Amino acid sequence: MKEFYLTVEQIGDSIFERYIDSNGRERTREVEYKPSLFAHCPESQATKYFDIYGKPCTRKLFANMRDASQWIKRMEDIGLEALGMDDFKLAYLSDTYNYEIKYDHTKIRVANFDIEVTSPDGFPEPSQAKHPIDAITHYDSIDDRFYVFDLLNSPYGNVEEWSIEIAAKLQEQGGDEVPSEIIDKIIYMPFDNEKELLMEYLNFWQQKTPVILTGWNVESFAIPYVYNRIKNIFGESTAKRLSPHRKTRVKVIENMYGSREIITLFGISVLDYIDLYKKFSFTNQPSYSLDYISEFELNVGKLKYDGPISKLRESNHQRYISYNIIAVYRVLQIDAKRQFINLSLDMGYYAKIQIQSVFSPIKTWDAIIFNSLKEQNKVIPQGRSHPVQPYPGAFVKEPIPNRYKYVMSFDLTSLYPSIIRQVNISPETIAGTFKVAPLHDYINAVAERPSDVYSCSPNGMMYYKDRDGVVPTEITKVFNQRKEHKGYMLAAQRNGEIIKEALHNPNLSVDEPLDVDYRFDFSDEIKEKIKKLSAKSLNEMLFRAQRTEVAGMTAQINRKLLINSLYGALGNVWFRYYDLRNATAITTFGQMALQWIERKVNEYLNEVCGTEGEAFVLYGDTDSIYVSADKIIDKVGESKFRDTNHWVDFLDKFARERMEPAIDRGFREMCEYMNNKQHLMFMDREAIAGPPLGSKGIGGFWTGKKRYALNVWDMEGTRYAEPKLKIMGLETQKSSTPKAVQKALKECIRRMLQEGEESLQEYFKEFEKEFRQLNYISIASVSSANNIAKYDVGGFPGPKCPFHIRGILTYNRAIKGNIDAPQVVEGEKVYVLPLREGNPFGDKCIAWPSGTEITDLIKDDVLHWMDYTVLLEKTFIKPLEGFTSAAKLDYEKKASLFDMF
DNA sequence: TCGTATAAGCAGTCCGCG
DNA sequence: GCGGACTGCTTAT
Ligand SMILES: Nc1ncnc2c1ncn2[C@H]1C[C@H](O)[C@@H](COP(=O)(O)OP(=O)(O)OP(=O)(O)O)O1
Ligand SMILES: [Ca+2]
Ligand SMILES: [Ca+2]
Ligand SMILES: [Ca+2]
Ligand SMILES: [Ca+2]
Ligand SMILES: [Ca+2]
Ligand SMILES: [Ca+2]
Ligand SMILES: [Ca+2]
């Protein structure tokens, strides 16, 4: 096999590299890597190294890395550019792995771990580590085993061994239902004392040293706790055995308001799954507890136990260990689904970076562009200091708030990256500027042509047309990878719909799901077989189709994230290629393109309908337009259509055969006007929306910018078995809105779009009547809680105190003196409830940590004093009134003359 | 919330608005 | 009570 790195570190003048050798063996080497850096040199001198602008460079080879660093400093003191890759370990990887890396994941040791710590006096601070570690479950991907380290004897209780037999049993037999598929994979090691537990853990760690280290909150909790606990018990040198090169750093993470400490373990790549989830999942969650996320991702039941977690070990050690094991498995189950580790390895090896650098697109892109340029003996510029400066972004059209019955939307593919490619926007392709007319003049094609030589953006920038810049070249590669995976995702989605249809008529028979690749559109043969399957097989196939879709989603959406972040990096001061001229060139062209095509689509439709000045485009945001199709439907007449799918097909065909060609012509003209290198403004039909044929549904509505709902029949070539609500921006989509309220509002919107006003009034009346029965958690609002101390004046609300922060202050007073009560963590989320006048809490709201039941001593009081009226008016009625007035509908039946009978 | 970007919505405080 | 000025938070893109 081809060799690949696992981890790389710089330690003084040595590179420490763990890698897989040609035989598949894990090795470690120390290399006295001599880095090269570059300086500009005279034109006369003959060399093979040039900077990105074609200026000649001389290579300076340093006796060691510290010399290179010292040189960079002296170059700053002199006031001269020190060119080249200043992160020497990236240069080492580039030198050592000068080919496309092909990695074998089966050879990479992925460790998933979780620890337990009993604590009476509240949260066990990792930096203190004052309490014993009494359980560690460590899953190893190479052995495929859960190693369980169990403390039998503690100052907080002596306990009996965990029993694998009870662990396996159903909860109905008094067991813990540890999943039967892992029971055989558990290696249980009980211990008489904490020191031997920890010593053995370290010896184990040494034998099976993680390359990738993950888990849930491992970076913020488990790793620092284990490290500091071993430190406190044995000394630093022993704690540093967690690093394979015996080097660690206490790393301070700085944010806006305060800071925390993590431990950097050299020669390990820590990918904390919470952090992976937050970056790559594209969710915003009310809580980030593992139970909550597991429930959301996997539909698994919450881990059940009585009493505080501080008493679970001594009261039920059996359950204590089993839940520790299960918590580790849950992260693996989430990864089997979401596949973020796979993604991180793909991105990391592609860029030739430390795998943990996938969190940073700036680092990812710096390394991709460096390797790309190195290939041509080109030399990257030095990073520079820049002041943070605002710059303009996308255009968003102000919609007329209204119902909109028939809507067809159109969307530009991967817009910002396409702009970069079309215009040829790169640090080294800048050709100069041209005198800019107001944007409106370009949109209406009355402005003078910017250039007859260069490719232009309406911000005034001109770019070379002779060759592609390194940014277009490298963004195109990842764009093309994204395209492949999105193709797989949509095929899986279309395949899902095929299964949902067949599920309407399941066969009464025993059979097995078809062995198929859901990444490809089902053939005719597969379609026939599906029509003959049982519901049990169809459901398993639907589950599998949907897992394939999710896998594709991860792969495609995060490649899209990476390429859109390359645009965003052009507007970040820490990026090597930071240039506000390039960032603005991109955003300004985007603005032009959307308004240009709006004008075009309007002109085209006014023509085919034989009108003038009619607004067919009702809305647009950044890269997408929404076309009112009412007139198109009316031109054939609703009565001519057999069913919903009939007009959906007709619109599909109108969009494909008539509008897209007009849209294409309009963008090709704009490409010529701007003299761009390559036409890449590809705008395709996205959504087809409208009410069910023969219903009183309104189809869709907008309330304002970034706030709308559509009843969608077809999305990007996926014809739904059942219409799908596409709701953007409205309270149903906000994590701050109560769960039960999101669900109720969503159903109000469903009724509006699919059934009409009367149906809506039916549902509202019932919800209003019954809502006081809803679980308090389901009707709690959610908010992040920043700067709690700032607004805390002697335990009371300071000036301008935010409503949710007031809740927390109320809560804090209610749990005063109690170090066992859950504390609200700064920067984390809270549930928030209003409180009726004259409650014992002494204020108008209370807040407690999200994902949790509120502590038992105040629960009854909260439940008794909860202000249901305020709750209803704020989270439900106000948003609903917003929706309905926008749509010219009433949620309550207005009195009429018929009330006389 | 360490980790690419801007546009823009709504809740809530504070206080004006004769 | 509603709006603007502003903070806080959260979406859409
Ligand atoms: N997370 C982000 N970071 C930076 N820029 C973004 C981000 N999301 C969107 N944008 C900008 C760049 C995008 O090209 C543009 C429109 O985005 P969006 O409608 O999500 O899809 P897209 O056109 O980028 O890809 P596609 O439509 O192919 O899925 O807005
Ligand atoms: Ca736990
Ligand atoms: Ca699209
Ligand atoms: Ca798009
Ligand atoms: Ca059938
Ligand atoms: Ca879009
Ligand atoms: Ca097309
Ligand atoms: Ca009480």
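Letters go in sequence order (proteins before strands), and every chain restarts at 1.
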Problem - Residue whose nearest DNA chain B nucleotide is more 5′ - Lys397(A) or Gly568(A) - result: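 So the residue in question is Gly568(A).
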Practice task
Could you pull out the closest heavy-atom pair between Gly571(A) and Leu580(A), with the gap in Å?
Solution key: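 It is CA-CD1, 4.0 Å.
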Problem - Exercise: identify the closest heavy-atom pair between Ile268(A) and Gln356(A) - result: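 For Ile268(A) and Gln356(A), the tightest heavy-atom pair comes out as O-NE2, 4.0 Å.
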Practice task
For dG3(B) versus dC6(C), give the span between their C1' atoms, rounded off to a whole number of Å.
Solution key: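 That atom pair is separated by 29 Å.
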Handout entry: Rounded P spacing from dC2(B) to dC9(C) in Å
Key =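 These two P atoms come out 15 Å apart once rounded.
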Handout entry: Test applied, ring-ring contact (aromatic ring centres under 6.0 Å, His included); reference residue, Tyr776(A); option that passes from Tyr868(A), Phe771(A), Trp848(A)
Key =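 So, applying the ring-ring contact (aromatic ring centres under 6.0 Å, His included) to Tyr776(A) and each of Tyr868(A), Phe771(A), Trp848(A), only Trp848(A) qualifies.
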Nearest-neighbour nucleotide for the [X] side chain, [options] considered:
| X | options | value |
| --- | --- | --- |
| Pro361(A) | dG12(B), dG3(B), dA12(C) | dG3(B) |
| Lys874(A) | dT13(B), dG12(B), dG3(B) | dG12(B) |
| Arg707(A) | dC10(B), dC2(B), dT6(B) | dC10(B) |

Interatomic distance where [atom1] belongs to [X] and [atom2] belongs to [N] [whole Å]:
| X | N | atom1 | atom2 | result |
| --- | --- | --- | --- | --- |
| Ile253(A) | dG3(B) | CD1 | P | 9 Å |
| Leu343(A) | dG3(B) | CG | P | 19 Å |
| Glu254(A) | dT1(B) | CD | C1' | 13 Å |

Phosphate-side-chain proximity, [X] and [N], N/O vs OP1/OP2 below 4.0 Å:
| X | N | result |
| --- | --- | --- |
| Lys705(A) | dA8(B) | yes |
| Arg260(A) | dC2(B) | yes |
| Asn255(A) | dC2(B) | yes |
| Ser360(A) | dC2(B) | no |
| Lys878(A) | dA11(B) | yes |

Problem - Polar pair under 3.5 Å, donor/acceptor by atom type, side chain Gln356(A), base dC2(B) - result: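 In this structure, the two groups form no donor-acceptor pair.
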Handout entry: ring pair (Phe, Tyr, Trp, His ring centres under 6.0 Å) pairs, two or more places apart, involving residues 249-275 of chain A
Key =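 Passing the test, one end in residues 249-275 of chain A: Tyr273(A)-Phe340(A).
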Practice task
Report yes or no: is the cationic atom of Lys278(A) (NZ for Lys, CZ for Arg) closer than 6.0 Å to the six-membered ring centre of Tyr288(A), at no more than 45° off its axis?
Solution key: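 Output yes; distance and angle both within limits.
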Exercise for the section: Look at all strands and tell whether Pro879(A) reaches a base, only sugar-phosphate, or nothing, counting heavy atoms closer than 4.0 Å. Expected result: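 The residue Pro879(A) makes no contact with any strand.
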Practice task
For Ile586(A), report the nucleic acid contact type (base, sugar-phosphate, nothing); a contact means any heavy atom under 4.0 Å.
Solution key: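 The residue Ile586(A) makes no contact with any strand.
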Exercise for the section: Would you work out how much the helix from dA5(B)-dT13(C) to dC17(B)-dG1(C) bends between its ends, with each end axis defined by five base pairs, to 10 degrees? Expected result: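 The value is 30°.
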Exercise for the section: Might you confirm whether atom CZ of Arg249(A) has over 12 heavy atoms from other residues, nucleotides or ligands at distances under 6.0 Å? Expected result: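 At most 12 heavy atoms, drawn from other residues, nucleotides or ligands, come within 6.0 Å of this atom.
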What's touching nucleotides 4-10 of chain C from the protein side, N or O pairs under 3.5 Å?
residue	atom	partner	partner atom	Å
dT7(C)	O3'	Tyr791(A)	OH	3.3
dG8(C)	OP1	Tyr791(A)	OH	2.7
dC9(C)	OP1	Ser784(A)	O	3.4
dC9(C)	OP1	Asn786(A)	N	3.0
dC9(C)	OP1	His804(A)	NE2	2.9
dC9(C)	OP2	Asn786(A)	ND2	2.8
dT10(C)	OP1	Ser784(A)	N	3.0
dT10(C)	OP2	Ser784(A)	OG	2.8

Practice task
Would you indicate, from the sign of the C1'-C2'-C3'-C4' dihedral, whether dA5(C) has a north or a south sugar?
Solution key: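 On the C2'-endo side: south.
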Problem - NZ/NE/NH1/NH2 to OD/OE distance under 4.0 Å, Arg576(A) and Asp86(A) - result: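 A salt bridge links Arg576(A) with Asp86(A).
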Problem - Residues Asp843(A) and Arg806(A) bridged, charged N to O under 4.0 Å - result: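 Result for this pair is yes, salt bridge flagged.
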